[PDB]
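Residues per chain, in single letters:
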Amino acid sequence: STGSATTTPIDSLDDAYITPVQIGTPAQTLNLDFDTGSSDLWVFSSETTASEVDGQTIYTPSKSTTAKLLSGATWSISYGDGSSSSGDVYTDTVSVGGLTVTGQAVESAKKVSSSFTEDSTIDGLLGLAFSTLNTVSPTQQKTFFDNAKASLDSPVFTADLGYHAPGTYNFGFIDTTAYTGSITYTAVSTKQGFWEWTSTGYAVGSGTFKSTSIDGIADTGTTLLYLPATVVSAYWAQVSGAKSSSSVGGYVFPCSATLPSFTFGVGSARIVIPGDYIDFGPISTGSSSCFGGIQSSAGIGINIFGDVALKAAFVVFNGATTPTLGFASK
């Protein structure tokens, strides 16, 4: 079996992408943020603190004939940006683009942090990293991808994010019409539970490619590209007037400047990120200072190939017994 769903940016800056997911019987449609950097499928629900809900569609397990309380199981998660959520756990039928999984753990949020309440477009997260990162206790739960794997034509899912436009998440097949050339595959380390891989280098604009190993994770749930201080400083040194601002929280540049492209290495292949993808607009309404899409990973401890990098390529997440990441130009 296969699945295919459209993913849409929540705003004009591509801060996050939302994908409709059907939960329960009869279906309750919620717009979830597909996150390859986490492993919990959690949703806003009828059990979430009423003051912490600001416009989201909520899951109501009491209206689902297939929902069941997973007695005694709880979950608690905290993300890299500081945001967090917690609550109890249900099992229910979950379908993504026609691909159905019965008995999926659906984590019902009782408490959500300010960041989630503020984002009215996002009803929850669908974790797509390895099930070892799942926060359900005492019994750990599997991700939707891990539960659908036996039923899939191929144990893969593909990410094809659009730049200020809709994209696609496919499960169980590789659309050979969605990319150009060939797909370059590279090894994945599952030691930390992420889709962790090694980039073979980088180039800034029309400059010479620098061959160096950058260990990082393919993360659909992170907006920006977070790379070592050395690489990020080499990039922003090519932008007139760009500087790292402590009050803003990273590199800012004059909105009138043109941004060079950024190239990253996948084996012997190169993925080119256009300069336009690195522009995140004014730091505040009316400001002439713009926020950069390439930031240092120094304070985080891990390099992140977020949506900025991922949207420049057709990305294959191969969840076979020996996992690999495939990259192709599009």
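Residues numbered from 1 in each chain as written, not as in the entry; some residues may be left out. Heavy atoms only, no water. Residues with missing side-chain atoms left out of burial classes, pairs and counts.

Per the PDB record, the structure was determined using X-ray crystallography to 1.9840 Å resolution.

### Observations concerning the state of the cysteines
Selection rule: Any two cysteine sulfur atoms within 2.5 Å of one another count as a disulfide. Secondary structure elements follow DSSP: runs of H or I of four or more residues count as helices, runs of E of two or more count as strands, with numbering from the N terminus. Residue exposure (1.4 Å probe, protein chains only): buried if accessible area is under 20% of the type maximum, exposed if over 50%, otherwise partly exposed.
Per the stated rule, a full pass over the model turns up one disulfide. Paired by a disulfide, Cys255 and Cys290 hold their sulfur atoms 2.0 Å apart. In this structure, the disulfide formed by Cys255 and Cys290 twists by about 110° around the S-S bond and is classed as right-handed. Separated by 35 residues along the polypeptide, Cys255 in the loop between β17 (250–254) and β18 (262–266) and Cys290 in strand β21 (residues 289–292) bring together distant segments of the chain. In this structure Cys255 comes out as partly exposed when scored by relative accessible area, which is 28%.

### Things to note about the sheet that holds strand β20 (residues 279–282)
Inclusion rule: We call two strands paired when DSSP finds no fewer than two bridges between them. Angles here are taken between N-to-C directions and fall from 0 to 180 degrees, while the axes themselves are lines fitted to C-alpha atoms, restricted in helices to the stretch in contact.
Taking strand neighbours across the sheet as the criterion, the four strands line up as β16-β17-β21-β20 in an open arrangement whose pairing is antiparallel. The open sheet terminates on both sides in strands that have one partner only, identified here as β16 (243–245) and β20. This sheet shows a mean twist of 40° between the axes of neighbouring strands, independent of strand direction.

### Digging into the layout of surface pockets
As a reminder, the rule being used: Both site types are read off a 1 Å grid over the protein atoms alone. A 1.4 Å probe that fits but cannot get out defines a cavity, while an open set with protein on both sides within 12 Å along at least five of seven lines defines a pocket; lining residues have an atom within 4 Å of a point. Grid points are joined across faces, edges and corners, and a volume is the space filled by probe spheres set on the points. Amino acids are sorted into nonpolar (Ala, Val, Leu, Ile, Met, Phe, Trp, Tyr, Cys and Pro), charged (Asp, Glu, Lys and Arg) and polar (every other residue, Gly among them). These domain boundaries are the output of an automatic or database domain assignment.
Considering only enclosed or pocket space, the largest pocket measures out at about 1,300 Å³ in volume. What lines the largest pocket is a set of 41 residues, and nearest its centre among them are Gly80, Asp81, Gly221, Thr222 and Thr223. For the lining of the largest pocket, the secondary structure elements donating two or more residues are β3 (28–35), β5 (68–78), α1 (114–118) and β22 (294–296). Here the lining of the largest pocket is composed, by residue class, of 19 nonpolar, 14 polar and eight charged. In terms of domain composition, the lining of the largest pocket takes at least three residues from each of domain 1 (5–174) and domain 2 (175–330).

### With respect to the packing of aromatic side chains
Here is the rule we go by: Each pair of aromatic rings taken from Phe, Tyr and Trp, with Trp reduced to its six-membered ring, is defined by centres within 6.5 Å and is described as stacked if the planes are under 30 degrees apart, edge-to-face if over 60, and tilted in the remaining cases. For a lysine, the NZ atom is tested; for an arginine, the CZ atom; a charge sits over a ring if that atom is within 6 Å of the ring centre and within 35 degrees of the ring normal.
With the rule as written, the count across this model stands at 26 aromatic pairs. Ring centres of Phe34 and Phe171 lie 6.4 Å apart, and the angle between their planes is 65°; on these two criteria the pair is classed as edge-to-face. Of this pair, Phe34 sits in strand β3 while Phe171 sits in strand β11 (residues 167–171), and the two are 137 residues apart along the sequence. Residue classification places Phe171 among the buried positions, given a relative accessible area of 0%. Aromatic side chains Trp197 and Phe327 sit 4.8 Å apart centroid to centroid with 40° between the ring planes, which places their arrangement in the tilted category. Of this pair, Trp197 sits in strand β13 (residues 196–204) while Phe327 sits in strand β25 (residues 324–329), placing them 130 residues apart in sequence. Assigned by exposure class, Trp197 and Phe327 land together as buried. Pairwise contacts between aromatic rings join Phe34, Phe130, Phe144, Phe145, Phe157, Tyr169, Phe171, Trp195 and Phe317 into one cluster. Above the face of the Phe209 ring, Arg270 is positioned so that its terminal group lies 3.9 Å from the ring centre.

### Description of helix α3 (residues 229–236)
This is how it is decided: Note: the arc covers the axis-to-C-beta directions of the helix.
Turning to α3, its buried residues number three or more, namely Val231, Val232, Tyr235 and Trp236. Seen along its axis, α3 keeps its buried residues to an arc of 125°; they face one direction.

### Re the sheet that holds β13
Sheets are built from strands paired through backbone hydrogen bonds, the pairs being either parallel or antiparallel. Keep this limit in mind: Residue contacts are defined here by distance: any two heavy atoms, one from each residue, within 4.5 Å place the two residues in contact.
Pairing in this open sheet of seven strands is mixed, and the strands run β19-β18-β13-β14-β23-β15-β22 from one edge to the other. Each end of this open sheet is capped by a strand with a single partner; those strands are β19 (269–273) and β22. If you compare each strand with its neighbour and ignore which way they point, the axes differ by 45° on average. Bridge analysis of β18 against β19 gives five bridges, and the strand direction is antiparallel. In the strand pairing of β19, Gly265 is matched with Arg270. Contacting β13, β14 (210–218), β15 (225–227), β18 and β22, α3 runs over the sheet at an angle of about 140° to β22.

### Considering the UniProt feature "active site" in the protein
Filter applied, for reference: UniProt positions are given in the numbering used here, feature names are shortened, and annotations may be inferred rather than shown by experiment.
As annotated by UniProt and renumbered to match this structure, "active site" occupies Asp35 and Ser199. Set against the largest pocket, the annotated residues that line it come down to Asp35. Along the polypeptide, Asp35 turns up in strand β3. Here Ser199 falls in the buried class, since its relative accessible area comes to 0%.

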